[PDB]
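Line by line, the protein sequences give chains D and B. Residue 1041 in the authors' numbering is what sits at position 9 of the first sequence, and the numbering runs on without skipping anything. Residue 1000 in the authors' numbering is what sits at position 213 of the second sequence, and the numbering runs on without skipping anything. Okay, structure first, notes after.
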Amino acid sequence: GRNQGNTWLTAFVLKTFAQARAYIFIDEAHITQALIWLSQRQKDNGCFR
Amino acid sequence: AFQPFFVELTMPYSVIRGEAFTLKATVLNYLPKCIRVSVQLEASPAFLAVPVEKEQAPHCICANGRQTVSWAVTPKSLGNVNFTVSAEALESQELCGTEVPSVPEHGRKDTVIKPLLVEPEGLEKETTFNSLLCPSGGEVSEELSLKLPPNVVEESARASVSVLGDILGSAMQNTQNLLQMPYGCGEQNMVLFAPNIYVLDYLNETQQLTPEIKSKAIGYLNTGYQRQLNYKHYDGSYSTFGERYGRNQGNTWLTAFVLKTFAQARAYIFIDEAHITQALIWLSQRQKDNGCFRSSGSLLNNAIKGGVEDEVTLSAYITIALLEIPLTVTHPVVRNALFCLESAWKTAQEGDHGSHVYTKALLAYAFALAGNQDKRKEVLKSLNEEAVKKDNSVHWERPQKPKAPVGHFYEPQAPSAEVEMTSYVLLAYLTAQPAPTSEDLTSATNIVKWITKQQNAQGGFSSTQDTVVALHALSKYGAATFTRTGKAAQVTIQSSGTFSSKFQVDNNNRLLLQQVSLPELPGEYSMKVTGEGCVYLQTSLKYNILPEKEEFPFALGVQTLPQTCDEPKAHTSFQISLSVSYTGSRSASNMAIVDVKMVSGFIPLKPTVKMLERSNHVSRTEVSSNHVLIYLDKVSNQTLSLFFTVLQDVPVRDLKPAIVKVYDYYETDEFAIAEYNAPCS
Ligand SMILES: *[C@@H]1O[C@H](CO)[C@@H](O[C@@H]2O[C@H](CO)[C@@H](O)[C@H](O)[C@H]2NC(C)=O)[C@H](O)[C@H]1NC(C)=O
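Now the structure itself:
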């Protein structure tokens, strides 16, 4: 639950999900939930551990 | 256990203006001994007694001696009345037949005392008014004139007045019920879950309720939201069954209703912060840059929506959701639809028509969290001035005003409407960051009252659903009891007939109803108070109507019997066919309205069974056991009918008819009634 995860294979695609959100519909909600995961982890001051 | 002599009576019922019904009396001697019982009845000038068996005294009978003892009467007074008859045995009178013991114990005389009710002439209703006074250690007064007697009826129109603050919810018998995965179709899912979600807020917030029907509803809710996984849309929207409808909005109560409680429900089982924001991001997308974006209402069911498809009102219904989430740029966005509502409040300032449901709901909510919304402790007063159920019913008519723009007050949204309304009323009331000890309480506590007198868990309401909404009314009070409301409240009640009654209120008179009526056909009511803080007292004016009304728009097709009794067997048995529809039934709600009751002394059974069969391709198999409800199927394009009879419980009837007809179709139309009594006479 309360952890990060490796993020190449998503960040690699998370643009191409958006190049791939034309043939079949993955929504703007799948990219932002992918995103909102990230902003949560950004510390206010630190380069989060 | 034994007593040999027991009485049996004839119940008339709650019955007609005429009072010559068929009153009898029968006792039966189960003892073997044939004993005289001197009998009579203690009368009063409250009614117009008539002795049938004048000359002779019901005299004397034997073991299982059946006898009937029936006088006549024709009272004047209306309402419930205890009737006092007495039967006693005398000694040394061995002259009936052989002999007479006449020797009971302390259980000597058979005596019977019977509260029976008369329904007065015509049709019943009330009118009323609403008033507050709030001197802040000062003094204020007000004058109320209380009169709409057109088409006036003899000696029918009466009233009373009061105010209250009650604390200590006593009990919870309005609590319990259940329903579940329905059997007819999948469309009821919307009506299933929506109030079913706010049940979670009830377990601790009562100190009377039954939580485990709601702590099992979690075991249901642990599947509830699962249907909402499926009933959603991929893009973010929600429908009765979900996506495959892409670039549109959707109805948003049932989500916005929960989308907070999803967040109260994101503790037991984990729905993430991503499910609430995708729900949210759907919304921000639709907010136009400049306009109050165009949206049309033709969505999957008015079963869930007693609705008339006003996007702007719904443009607020998003914003309540926006208040839930603490994004705080969001909160400027609610000021957008606010200013869309600012139009709708100028509407609700003039007070002609804004549908009296919704700008209600959330204006209160809108700034509920902030802390400086004194301004909104005003605007509720409208809503409580807006024919609220101070009597704990919003009974049934508009004051006497025919015109085009009128409110959501006499519309075919027919759950009896007094519970749907007050929900979103009290939900507005006592979310006060400060003490709401001022006038948003003393009526709040009124709402506690009949929900605490709504003590029957049948569920066979004037609706089916609506009493699920009777509960939050009880619920949210559960901390509102933590309150103080008492000050130098000294109350003057004056009218024109040189009358003036005085009353007063305080922390211990806080919970004190001060009922008082007057006989005045005039209605004129000056009032004056003092003290600190505010308080809203209340009017109510009862009266009869329908002396004899004429024909009108609405078409009710009824037929009672073959045009006459004309036979000795009849006056008892005749099936009454009813065949009805009103065209104006357009994009407002489900079909809810009906009224079918008997005449004074007339009792149905196969009527129970003919309704039992009826299923005209859609139905809720609903029934009152004095009335009938299969209506949400379809409204009025193609009517339909049935037939049903009674048994004459009334051997003799003072000639005054009976009719049970209900009607509400459109905001401008005139009375729109069609009626017919029973003919056999
Ligand atoms: C009563 O039922 C009829 C059944 O045809 C409905 O007829 C439609 O009328 C509307 C409005 O004039 C048209 O838009 C439709 O083309 C007609 N049929 C449909 C729905 O496709 C009618 O709407 C119903 N109500 C009344 C009394 O107007």
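Quick reminder that beta carbons are idealized off the backbone N, C-alpha and C, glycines included.
Cutoff 8 Å; reference residue i; Cβ partners in own chain excluding five residues on either side
{"i": "B/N983", "result": "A1004, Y1007, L1008, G1011, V1255"}
{"i": "B/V1175", "result": "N917, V1181, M1208, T1209, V1212, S1230"}
{"i": "B/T1224", "result": "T1270, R1271, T1272, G1320"}
{"i": "B/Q1425", "result": "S1368"}
Minimum Cβ-Cβ distance from residue i to chain B less than 8 Å
{"i": "D/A1050", "result": "no"}
{"i": "D/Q1065", "result": "yes"}
{"i": "D/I1068", "result": "yes"}
{"i": "D/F1080", "result": "no"}
{"i": "D/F1057", "result": "yes"}
Sequence-distant residues of its chain with Cβ nearer than 7 Å to residue i (five each side left out)
{"i": "B/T898", "result": "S873, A874"}
{"i": "B/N1233", "result": "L951, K1177, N1179"}
{"i": "B/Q1325", "result": "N917, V948, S949, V950, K1177"}
{"i": "B/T1218", "result": "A1155"}
{"i": "B/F1286", "result": "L1305"}
{"i": "B/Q975", "result": "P969"}
Within 8 Å, strictly: CB atoms of residue i and residue j
{"i": "B/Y1452", "j": "B/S943", "result": "no"}
{"i": "B/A1135", "j": "B/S1169", "result": "yes"}
{"i": "B/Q1065", "j": "D/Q1065", "result": "yes"}
{"i": "B/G1318", "j": "B/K1274", "result": "yes"}
{"i": "B/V1121", "j": "B/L1110", "result": "yes"}
{"i": "B/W858", "j": "B/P838", "result": "yes"}
{"i": "B/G1246", "j": "B/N964", "result": "yes"}
{"i": "B/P1340", "j": "B/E1457", "result": "yes"}
{"i": "B/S1374", "j": "B/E930", "result": "no"}
{"i": "B/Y985", "j": "B/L996", "result": "no"}
{"i": "B/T1359", "j": "B/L1434", "result": "yes"}
{"i": "B/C1467", "j": "B/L1348", "result": "yes"}
{"i": "B/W1183", "j": "B/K912", "result": "yes"}
{"i": "B/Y1216", "j": "B/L1167", "result": "yes"}
{"i": "B/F1248", "j": "B/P1192", "result": "no"}
{"i": "B/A1061", "j": "D/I1063", "result": "no"}
{"i": "B/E999", "j": "B/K1263", "result": "no"}
Same chain, Cβ closer than 6 Å to residue i, five either side skipped, listed in chain order
{"i": "B/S1288", "result": "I1280, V1303"}
{"i": "B/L904", "result": "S801, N867"}
{"i": "B/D1441", "result": "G805, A807"}
{"i": "B/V1206", "result": "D1253, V1256, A1257"}
{"i": "B/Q960", "result": "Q1242"}
{"i": "B/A958", "result": "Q995"}
{"i": "B/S1372", "result": "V1422, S1423"}
Neighbour flag for residue i against chain D, beta carbons, 8 Å
{"i": "B/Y1021", "result": "yes"}
{"i": "B/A1061", "result": "yes"}
Any non-hydrogen atom of ligand 3 within 7 Å of residue i CB
{"i": "B/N1424", "result": "Looking for ligand 3 in the displayed structure turns up nothing; the ligands present are ligand 1."}
Expected contact under 8 Å - CB spacing of residue i and residue j to nearest Å
{"i": "B/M977", "j": "B/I1091", "result": "4 Å"}
{"i": "B/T1432", "j": "B/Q1362", "result": "4 Å"}
{"i": "B/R1163", "j": "B/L1149", "result": "That pair is no contact at about 10 Å."}
{"i": "B/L835", "j": "B/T861", "result": "4 Å"}
{"i": "B/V1278", "j": "B/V1316", "result": "5 Å"}
{"i": "B/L1416", "j": "B/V1422", "result": "Not confirmed; about 14 Å, so no contact."}
{"i": "B/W1132", "j": "B/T1146", "result": "6 Å"}
{"i": "B/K811", "j": "B/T855", "result": "5 Å"}
{"i": "B/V940", "j": "B/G909", "result": "5 Å"}
Item to complete: Could you name each continuous beta strand (DSSP E) segment of 3 residues or more that falls completely within the stretch 831-882 of chain B, going from the start of the chain to the end?
Response: Segments of the beta strand (DSSP E) lying fully in the stretch 831-882 of chain B: 866-875.
Worksheet item: Taking only runs of the beta strand (DSSP E) that begin and end inside the stretch 899-935 of chain B, which ones reach a length of at least 3 residues, in chain order?
Response: Fully enclosed beta strand (DSSP E) runs of no fewer than 3 residues occupy 910-914, 917-920, 925-932 of the stretch 899-935 of chain B, in order along the chain.
Worksheet entry | Length-filtered (4 minimum) alpha helix (DSSP H) runs lying within the stretch 994-1081 of chain B | The alpha helix (DSSP H) runs lying completely inside the stretch 994-1081 of chain B and spanning 4 residues or more are 999-1017, 1040-1046, 1048-1051, 1060-1073, given in chain order.
Fill in: Completely contained alpha helix (DSSP H) runs for the stretch 1155-1188 of chain B, where each covers 4 or more residues
Runs found: 1161-1172.
Worksheet entry | alpha helix (DSSP H) runs contained entirely in the stretch 1258-1313 of chain B, provided each spans 4 or more residues | Taken in chain order, the whole alpha helix (DSSP H) runs of length 4 or more contained in the stretch 1258-1313 of chain B are 1264-1267.
Discussion item. Quick check on the DSSP output: what are the complete alpha helix (DSSP H) runs of length 4 or more inside the stretch 1363-1429 of chain B, in order along the chain?
Written reply: Taken in chain order, the complete alpha helix (DSSP H) segments of 4 or more residues contained in the stretch 1363-1429 of chain B are 1393-1400.
Fill in: Segments assigned alpha helix (DSSP H), at least 4 residues, entirely inside the stretch 964-999 of chain B
Residue ranges of uninterrupted alpha helix (DSSP H) with 4 or more members, entirely inside the stretch 964-999 of chain B and ordered along the chain, are 976-984.
Worksheet item: What runs of the alpha helix (DSSP H), each 4 residues or longer, lie entirely inside the stretch 1202-1230 of chain B?
Response: Counting only runs of 4 or more, we get 1205-1216.
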